[PDB]
There are 2 protein chains.
Amino acid sequence: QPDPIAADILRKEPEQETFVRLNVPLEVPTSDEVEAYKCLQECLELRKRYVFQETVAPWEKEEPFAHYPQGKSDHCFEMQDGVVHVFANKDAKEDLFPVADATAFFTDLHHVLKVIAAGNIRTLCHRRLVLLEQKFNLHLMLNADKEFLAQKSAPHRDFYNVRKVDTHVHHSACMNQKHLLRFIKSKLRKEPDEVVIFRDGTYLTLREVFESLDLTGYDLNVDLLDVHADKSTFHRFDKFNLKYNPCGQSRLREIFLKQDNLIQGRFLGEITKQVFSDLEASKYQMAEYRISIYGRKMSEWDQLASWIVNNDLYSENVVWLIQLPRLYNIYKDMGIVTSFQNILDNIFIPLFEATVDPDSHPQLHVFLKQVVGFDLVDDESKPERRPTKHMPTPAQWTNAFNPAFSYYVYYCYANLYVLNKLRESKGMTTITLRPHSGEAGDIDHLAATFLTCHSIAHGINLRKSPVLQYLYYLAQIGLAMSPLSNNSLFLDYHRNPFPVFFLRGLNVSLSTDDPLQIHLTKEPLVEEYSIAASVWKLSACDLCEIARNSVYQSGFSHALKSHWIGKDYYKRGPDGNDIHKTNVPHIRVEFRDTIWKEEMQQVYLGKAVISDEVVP
Amino acid sequence: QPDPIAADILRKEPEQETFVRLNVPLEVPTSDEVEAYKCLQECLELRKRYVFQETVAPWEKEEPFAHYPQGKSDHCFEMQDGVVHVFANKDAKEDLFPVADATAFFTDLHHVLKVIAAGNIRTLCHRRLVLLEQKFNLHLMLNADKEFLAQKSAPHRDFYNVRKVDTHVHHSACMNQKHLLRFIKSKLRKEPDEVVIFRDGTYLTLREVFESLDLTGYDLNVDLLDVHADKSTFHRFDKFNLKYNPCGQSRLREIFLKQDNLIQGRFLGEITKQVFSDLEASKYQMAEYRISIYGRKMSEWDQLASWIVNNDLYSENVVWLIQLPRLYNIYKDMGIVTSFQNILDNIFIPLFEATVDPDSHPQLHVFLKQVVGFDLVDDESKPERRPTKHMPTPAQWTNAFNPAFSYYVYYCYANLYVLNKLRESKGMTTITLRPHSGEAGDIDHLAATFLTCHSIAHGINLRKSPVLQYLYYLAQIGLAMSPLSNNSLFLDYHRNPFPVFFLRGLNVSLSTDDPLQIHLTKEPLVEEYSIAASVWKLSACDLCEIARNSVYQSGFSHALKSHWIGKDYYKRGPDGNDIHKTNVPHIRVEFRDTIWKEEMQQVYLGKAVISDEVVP
Ligand SMILES: O=P(O)(O)OC[C@H]1O[C@@H](n2cnc3c2N=CNC[C@H]3O)[C@H](O)[C@@H]1O
Ligand SMILES: O=P(O)(O)OC[C@H]1O[C@@H](n2cnc3c2N=CNC[C@H]3O)[C@H](O)[C@@H]1O
Ligand SMILES: [Zn+2]
Ligand SMILES: [Zn+2]
């Protein structure tokens with residue numbers, strides 16, 4: 001079928017839906033290089049024996065948004081070697097005895113990294129991926145209309161109706177210029193002489209700052225009109241720094257697009273709100289906004305938390321992921337930090353503290369019941385010495401350079417982890433590791449990412465490794481991709497792997513990134529889905545399949561998933577999707593669940609794991 | 001450069017704009033087959049000595065929206081052979097002695113139709129078109145950045161800011177389902193028991209009609225849920241009939257998407273309004289909504305007129321074109337008409353009458369000062385006997401079949417014409433012939449269209465005739481194209497000629513057609529420009545160049561053109577575009593004006609027409 005934008009009007013009385021279609025059996029035996037599949041098994045296990053997961057899952061669960069007293073003690077943190085330890089409430093000598101040490105995770109990483117580029121396995125996986133594609137195509141050739149029509153039995157639900165989530169957005173870029181601009185243009189007119197910032201000697205009003213930069217008012221525009229502390233002074237304003245680097249920042253940008261500024265945030269916040277309202281307008285578009293924490297100051301956490309509250313920043317549709325930019329090397333010139341450790345300390349303690357004693361870090365709590373995952377960033381392509389095994393602890397790391405990627409995630413994993421396996425303990429919300437990974441850079445980012453995280457933000461590079469791509473299939477790791485953005489720098493649009501990763505059944509989702517820089521419409525991400533559908537030729541069952549599993553990839557409450565997709569959603573497979581609220585043919589997912597079940601069987605060579613429920 | 005969606009942030013102080021760039025001279029002499037160029041000349045002249053144009057143009061021009069008395073007599077219509085005559089106010093014997101007769105226009109048509117497919121000319125034109133492309137590309141290779149940057153001197157203006165016009169939209173399809181639906185869904189809830197229609201025996205309420213069709217309410221959806229007078233009764237509901245055919249029409253459709261229905265329009269109108277309001281919201285998107293008149297009943301005109309008024313249907317941004325569906329053959333089974341003539345009579349008299357005596361057809365007037373052009377339609381591919389020269393008058397045409405295309409436009413031209421050369425006379429607004437042509441069907445549609453009309457709606461078929469395509473270049477005929485729609489039936493997206501017609505400098509524009517069926521966003525046509533920009537790789541200078549000349553193609557007041565583009569807009573060439581309100585490099589259009597000037601010179605072999613002002 002492919003491409004709904006066009007699709008003409010038709011008919012119908014289907015008032016009783018239909019599974020059933022062409023089944024395609026194949027099966028294939030096996031060669032001596034089963035000792036490959038074996039290798040996959042390991043990597044497949046490893047990941048499992050690692051990525052943390054809540055011992056008791058959401059669906060097995062037993063006015064405003066803030067306050068309420070708690071108090072309950074329970075103690076000790078005791079962070080040893082970048083990996084916190086939290087010993088038994090009193091004082092133990094074993095602790096909540098979890099997590100695998102740094103080295104190990106590095107040696108397992110090499111392990112994956114071997115198999116990953118080992119000759120014959122690269123071959124088998126390629127053969128199996130492309131083989132995966134074909135089948136889906138063949139299937140399309142036999143059943144696209146069977147799928148088209150099923151959708152007609154759920155008269156109500158069509159594209160709009162289905163709730164789709166912007167699984168990868170950076171809060172800040174989340175606004176359309178026409179709006180943003182007009183926000184500014186206005187708050188100038190209707191309030192010039194209002195102190196805003198204090199740079200170069202005195203506090204300036206608004207009118208000041210502007211005439212100060214000169215080029216201002218009716219001339220203002222999103223483009224480079226964030227022209228600075230202002231001068232000749234040197235700062236590169238590529239793009240990552242323009243959002244990832246806290247300092248050397250411009251003037252309007254410090255005023256309007258940040259929170260740790262002077263007027264506390266009265267303007268960024270203020271903007272967010274009208275974002276949310278219009279968000280809550282179209283009812284179906286959700287958002288997993290990325291918010292930062294550099295880990296230079298212990299405050300940042302509470303500091304940010306309070307930003308949320310004091311501004312009443314909450315929506316049903318929005319949740320948050322904390323993004324820590326991997327910029328230590330900058331924070332080590334600026335002398336504000338002395339050894340990597342300091343950072344683990346600025347993010348993995350201000351929380352932990354808040355977990356043991358809620359009230360020691362109140363309205364940080366009311367925030368964390370809204371935080372859903374920890375995303376780490378920066379230009380993936382900056383060069384790096386890929387970590388060995390005998391690797392310097394986090395507090396032996398004083399040297400001038402930024403620690404590698406792998407290194408980042410690791411300590412960013414354990415902590416996250418050992419902290420998670422307690423907020424769980426105490427019955428509080430938990431955060432998931434959802435790294436930006438594989439957008440550029442080295443292949444190992446993914447390898448490591450594969451061993452330790454939930455979702456992922458990019459995956460563009462899975463395209464250069466049959467093997468990792470194949471695992472991610474099996475494992476069903478889920479990718480939140482922004483084609484339209486990826487198209488900016490790193491990759492031509494038409495050369496982007498999404499559609500292909502989609503055909504082969506990888507857990508892909510379409511995201512947005514920077515709607516400010518990127519889109520032309522009032523409705524950002526729909527517009528994504530829409531140009532996507534058109535260049536790649538996608539049907540609705542296709543978009544709907546995408547939007548649907550955007551949600552599975554999401555971090556919202558069971559209460560809302562159930563209501564959005566189905567009360568049976570926790571079920572592995574077809575019997576787990578209510579087309580009346582999903583609009584995707586029981587037959588598309590049955591095809592998908594059975595081709596996957598098949599592959600799994602191929603690799604656990606008859607002796608498969610199975611599981612009858614999805615996962616978190 | 002190509003593709004703005006991505007484009008990263010940069011800088012700048014350009015506060016003094018720059019023409020200047022790589023000029024590329026070529027020149028070429030000529031062969032004996034100059035007697036080709038000659039042939040072009042003729043066709044080029046012919047068109048000229050035909051398409052009507054206002055002896056005194058808009059820029060040389062010397063609260064609510066309705067009323068005011070006039071009265072002034074002036075008389076006689078006297079339509080001879082489908083071609084009205086309007087003799088001197090009193091009683092003459094020569095009339096306002098204009099227009100060329102039917103035959104002639106048919107023999108000139110053959111003439112064009114010969115040269116058009118004559119061997120060596122097809123060759124020369126292909127060679128010259130593709131040669132046209134190259135140059136533009138080369139130019140892009142030498143100056144894209146020169147163009148990128150110029151745009152940075154007009155800080156203010158970027159894509160949004162620039163006013164773009166939806167030069168081809170069918171009123172009715174102009175709404176997004178989510179809205180349309182919710183309109184309905186609601187007016188059910190908040191007002192069931194309200195008579196709406198009287199079909200099958202009695203007048204039904206709303207609740208009735210619905211439960212009458214059964215499938216209703218929370219189940220309603222744009223798709224085929226226009227299920228009829230209802231039964232087994234046979235009616236094809238492809239798509240053209242679903243909007244072009246007045247009868248055999250459904251129930252909700254008769255209620256909500258039409259005006260000549262029972263509750264007068266209280267619902268279609270009512271809907272339009274909130275379309276306009278939101279239209280007037282985004283300030284920059286205009287609309288040239290198509291509205292129909294079948295010409296079965298003399299009333300239709302006044303009948304419609306009054307629909308506009310009594311509902312206060314006016315916007316700065318919207319104007320109208322009357323679309324008459326070429327369905328005589330249906331109206332000749334239905335016995336409601338006896339010979340083609342009757343139709344010329346139902347559209348070219350209810351107006352004419354209104355021109356001589358304004359007050360004999362008041363608030364028809366207040367309407368026509370808003371009508372801007374006459375668009376005629378239907379499935380272009382339906383087969384047809386392409387008209388000869390000795391051709392049956394309009395009132396000798398009683399036979400069972402629909403008259404050919406050519407035939408339609410002809411009599412639809414003269415009338416339009418001879419009427420135009422009087423509403424002008426009396427100082428009243430005039431209407432332009434803006435046919436839907438060359439979307440499918442035979443090549444001659446365009447040939448004829450080329451000889452007699454202003455803009456055009458499709459042009460997809462210029463792609464199969466070097467020659468017509470080349471004329472349309474020279475002449476600068478302007479095409480209002482809907483790729484996204486054309487993609488539905490007639491043509492794959494990626495195989496659509498637009499981008500190419502754009503490269504070669506044809507007067508192209510991006511349109512919408514049926515935003516109801518077609519788009520996924522709140523903002524229809526921007527979304528067009530946006531998927532276009534992305535699959536074809538267009539820069540902003542590119543879109544802006546497009547949006548800009550969408551307006552040149554438009555039918556609005558000089559008062560608004562000037563304000564939207566520039567007060568010098570009437571000027572042929574570069575010195576005629578104010579980048580500060582157009583955002584397109586004086587250098588892009590200088591390139592375009594000079595390559596055209598060049599080609600013209602090639603064909604009028606040194607002895608060129610010239611003109612220092614555009615045209616209407
Ligand atoms: O494209 P502008 O509006 O000048 O800003 C881009 C910012 O948004 C985020 N962003 C945009 N695109 C991406 C982003 N995030 C991570 N890396 C690559 C990709 O995800 C970046 O953090 C970056 O600081
Ligand atoms: O695609 P739907 O919403 O079921 O209705 C299509 C209608 O909109 C107009 N339309 C759509 N697409 C086009 C149209 N007009 C002329 N012909 C081809 C093209 O312009 C047609 O008049 C047609 O009746
Ligand atoms: Zn990102
Ligand atoms: Zn049309």
# chains A, B, ... in the order shown; residues from 1 in each chain; ligands from 1
$ interface_residues --of "chain B" --to "chain A" --cutoff "6 Å" --atoms "only C-alpha atoms" --output "PyMOL selection string"
chain B and resi 5-7+9-11+155-156+219+223-224+488+518-519+531
$ residues_near_ligand --ligand "ligand 3" --cutoff "7 Å" --atoms "only C-alpha atoms and all ligand atoms" --output "list in words"
residues 168, 169, 170, 436, 457 and 513 of chain A
$ write_last_selection --atoms "C-alpha atoms" --output "mmCIF file, in the first residue's frame"
data_model
loop_
_atom_site.group_PDB
_atom_site.id
_atom_site.type_symbol
_atom_site.label_atom_id
_atom_site.label_comp_id
_atom_site.auth_asym_id
_atom_site.auth_seq_id
_atom_site.Cartn_x
_atom_site.Cartn_y
_atom_site.Cartn_z
ATOM 1 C CA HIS A 168 13.427 12.395 21.745
ATOM 2 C CA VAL A 169 13.115 16.159 22.106
ATOM 3 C CA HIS A 170 15.411 18.625 23.716
ATOM 4 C CA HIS A 436 21.911 9.531 22.930
ATOM 5 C CA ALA A 457 18.425 8.123 20.886
ATOM 6 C CA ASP A 513 15.191 16.795 18.355
#
$ residues_around --residues "residue A:162" --least-positions-apart "4" --cutoff "8 Å" --atoms "only C-alpha atoms" --output "PyMOL selection string"
chain A and resi 157-158+284+544+547-548+564+581-583
$ select_by_dssp --residues "stretch 159-401 of chain B" --states "strand (DSSP E or B)" --output "number ranges by chain"
B: 164-170, 197-199, 202-204, 285-292, 318-325, 371-377
$ write_last_selection --atoms "N, CA, C and O atoms" --output "compact mmCIF listing (two decimals), in the first residue's frame"
# COMPACT_ATOMS: atom_id res chain seq x y z
N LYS B 164 2.46 33.56 1.49
CA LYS B 164 2.32 32.60 0.41
C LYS B 164 0.83 32.27 0.18
O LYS B 164 0.04 32.22 1.11
N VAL B 165 0.45 32.06 -1.08
CA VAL B 165 -0.93 31.79 -1.45
C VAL B 165 -1.25 30.40 -1.96
O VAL B 165 -0.55 29.90 -2.85
N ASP B 166 -2.30 29.78 -1.42
CA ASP B 166 -2.73 28.45 -1.86
C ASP B 166 -3.51 28.69 -3.15
O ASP B 166 -4.72 28.78 -3.17
N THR B 167 -2.77 28.79 -4.23
CA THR B 167 -3.29 29.07 -5.53
C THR B 167 -4.23 28.05 -6.20
O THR B 167 -4.66 28.23 -7.34
N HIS B 168 -4.55 26.96 -5.52
CA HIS B 168 -5.43 25.94 -6.10
C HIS B 168 -5.96 25.09 -4.96
O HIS B 168 -5.27 24.18 -4.48
N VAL B 169 -7.14 25.45 -4.48
CA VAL B 169 -7.80 24.73 -3.40
C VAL B 169 -9.24 24.68 -3.78
O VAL B 169 -9.78 25.61 -4.38
N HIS B 170 -9.88 23.59 -3.40
CA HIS B 170 -11.28 23.38 -3.67
C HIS B 170 -11.96 23.62 -2.33
O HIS B 170 -11.67 22.99 -1.31
N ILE B 197 -32.68 17.63 7.04
CA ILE B 197 -33.02 17.25 5.70
C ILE B 197 -34.33 16.50 5.64
O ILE B 197 -34.80 15.95 6.65
N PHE B 198 -34.91 16.51 4.45
CA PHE B 198 -36.16 15.83 4.19
C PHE B 198 -35.94 14.90 3.04
O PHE B 198 -36.00 15.33 1.89
N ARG B 199 -35.62 13.65 3.35
CA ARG B 199 -35.46 12.65 2.32
C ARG B 199 -36.37 11.49 2.77
O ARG B 199 -36.89 11.50 3.90
N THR B 202 -40.30 11.91 5.21
CA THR B 202 -40.44 13.03 6.13
C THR B 202 -39.15 13.78 6.32
O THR B 202 -38.14 13.45 5.73
N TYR B 203 -39.21 14.82 7.14
CA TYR B 203 -38.07 15.65 7.48
C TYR B 203 -37.46 14.92 8.63
O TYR B 203 -38.17 14.57 9.56
N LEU B 204 -36.15 14.70 8.61
CA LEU B 204 -35.55 14.01 9.75
C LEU B 204 -34.79 15.00 10.63
O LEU B 204 -34.35 16.04 10.16
N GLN B 285 -0.85 32.99 5.26
CA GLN B 285 -1.32 32.02 4.28
C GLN B 285 -2.62 32.48 3.64
O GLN B 285 -3.60 32.67 4.33
N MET B 286 -2.62 32.69 2.34
CA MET B 286 -3.85 33.13 1.70
C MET B 286 -4.54 31.95 1.05
O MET B 286 -4.05 30.84 1.14
N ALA B 287 -5.67 32.18 0.39
CA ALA B 287 -6.39 31.08 -0.23
C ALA B 287 -7.25 31.44 -1.44
O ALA B 287 -8.03 32.37 -1.40
N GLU B 288 -7.11 30.70 -2.52
CA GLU B 288 -7.92 30.97 -3.68
C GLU B 288 -8.92 29.84 -3.85
O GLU B 288 -8.89 29.10 -4.83
N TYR B 289 -9.80 29.72 -2.86
CA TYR B 289 -10.87 28.72 -2.81
C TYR B 289 -11.75 28.57 -4.04
O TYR B 289 -12.33 29.54 -4.53
N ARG B 290 -11.88 27.34 -4.52
CA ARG B 290 -12.74 27.06 -5.67
C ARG B 290 -14.18 26.76 -5.20
O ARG B 290 -14.40 25.95 -4.28
N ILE B 291 -15.16 27.41 -5.83
CA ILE B 291 -16.58 27.24 -5.50
C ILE B 291 -17.36 26.92 -6.76
O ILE B 291 -17.13 27.58 -7.77
N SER B 292 -18.29 25.97 -6.71
CA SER B 292 -18.97 25.57 -7.96
C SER B 292 -20.29 26.16 -8.45
O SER B 292 -21.07 26.73 -7.69
N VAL B 318 -8.88 35.49 1.61
CA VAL B 318 -9.58 34.61 0.70
C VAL B 318 -10.24 35.32 -0.46
O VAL B 318 -10.74 36.42 -0.31
N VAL B 319 -10.22 34.69 -1.63
CA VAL B 319 -10.89 35.22 -2.82
C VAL B 319 -11.53 34.00 -3.43
O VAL B 319 -11.33 32.91 -2.92
N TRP B 320 -12.29 34.12 -4.51
CA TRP B 320 -12.93 32.92 -5.03
C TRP B 320 -12.85 32.77 -6.50
O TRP B 320 -12.80 33.75 -7.23
N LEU B 321 -12.88 31.52 -6.93
CA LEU B 321 -12.90 31.22 -8.35
C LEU B 321 -14.10 30.29 -8.53
O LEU B 321 -14.30 29.35 -7.75
N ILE B 322 -14.90 30.56 -9.55
CA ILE B 322 -16.05 29.74 -9.80
C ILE B 322 -15.61 28.60 -10.69
O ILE B 322 -14.94 28.81 -11.71
N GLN B 323 -15.97 27.38 -10.25
CA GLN B 323 -15.66 26.14 -10.93
C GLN B 323 -16.91 25.49 -11.43
O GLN B 323 -17.80 25.14 -10.66
N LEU B 324 -16.95 25.32 -12.73
CA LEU B 324 -18.07 24.71 -13.39
C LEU B 324 -17.59 23.36 -13.84
O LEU B 324 -16.63 23.26 -14.59
N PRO B 325 -18.20 22.31 -13.32
CA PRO B 325 -17.84 20.94 -13.67
C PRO B 325 -18.38 20.62 -15.07
O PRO B 325 -19.56 20.85 -15.34
N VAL B 371 -15.00 37.57 -6.50
CA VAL B 371 -14.75 36.44 -7.37
C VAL B 371 -13.55 36.94 -8.10
O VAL B 371 -13.45 38.14 -8.33
N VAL B 372 -12.62 36.06 -8.47
CA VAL B 372 -11.44 36.51 -9.20
C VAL B 372 -11.16 35.74 -10.48
O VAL B 372 -10.40 36.22 -11.33
N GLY B 373 -11.75 34.56 -10.65
CA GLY B 373 -11.50 33.82 -11.87
C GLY B 373 -12.37 32.60 -12.08
O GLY B 373 -12.85 32.03 -11.12
N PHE B 374 -12.55 32.19 -13.32
CA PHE B 374 -13.42 31.06 -13.65
C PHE B 374 -12.66 29.79 -13.99
O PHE B 374 -12.08 29.70 -15.07
N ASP B 375 -12.71 28.81 -13.07
CA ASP B 375 -12.02 27.49 -13.14
C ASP B 375 -13.03 26.41 -13.52
O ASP B 375 -14.04 26.28 -12.83
N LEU B 376 -12.77 25.63 -14.58
CA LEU B 376 -13.69 24.54 -15.00
C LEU B 376 -13.06 23.15 -14.80
O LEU B 376 -11.88 23.01 -15.04
N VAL B 377 -13.86 22.15 -14.41
CA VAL B 377 -13.34 20.80 -14.05
C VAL B 377 -13.92 19.42 -14.43
O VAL B 377 -14.78 19.28 -15.30
$ residues_around --residues "residue A:272" --least-positions-apart "6" --cutoff "9 Å" --atoms "only C-alpha atoms" --output "compact mmCIF listing (two decimals) with N, CA, C and O atoms, in the first residue's frame"
# COMPACT_ATOMS: atom_id res chain seq x y z
N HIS A 171 14.31 19.93 25.40
CA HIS A 171 13.53 21.03 25.88
C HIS A 171 14.34 22.23 25.63
O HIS A 171 15.49 22.28 26.03
N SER A 172 13.76 23.19 24.95
CA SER A 172 14.42 24.44 24.64
C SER A 172 14.25 24.64 23.18
O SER A 172 13.86 25.71 22.74
N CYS A 174 12.24 22.98 21.65
CA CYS A 174 10.82 22.64 21.56
C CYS A 174 9.93 23.85 21.52
O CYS A 174 9.31 24.17 22.52
N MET A 175 9.88 24.53 20.38
CA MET A 175 9.04 25.72 20.22
C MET A 175 9.27 26.15 18.79
O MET A 175 10.30 25.83 18.21
N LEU A 313 5.00 23.59 36.54
CA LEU A 313 5.32 22.96 35.26
C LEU A 313 5.05 21.48 35.25
O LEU A 313 5.93 20.65 35.54
$ residues_around --residues "residue A:97" --least-positions-apart "3" --cutoff "12 Å" --atoms "only C-alpha atoms" --output "JSON, numbers by chain"
{"A": [83, 84, 85, 86, 87, 88, 92, 93, 94, 100, 101, 417, 418, 419, 421, 422]}
$ closest_residue --among "B:28, B:51, B:440, B:141" --to "residue B:414" --atoms "only C-alpha atoms"
B:51
$ residues_around --residues "residue A:128" --least-positions-apart "3" --cutoff "12 Å" --atoms "only C-alpha atoms" --output "PyMOL selection string"
chain A and resi 28+37+121-125+131-135+466-467+469-471+473-474+504+595-596+598-600+602-603
$ residues_around --residues "residue A:23" --least-positions-apart "6" --cutoff "12 Å" --atoms "only C-alpha atoms" --output "PyMOL selection string"
chain A and resi 135-136+138-143+587-588+590-592+594-595
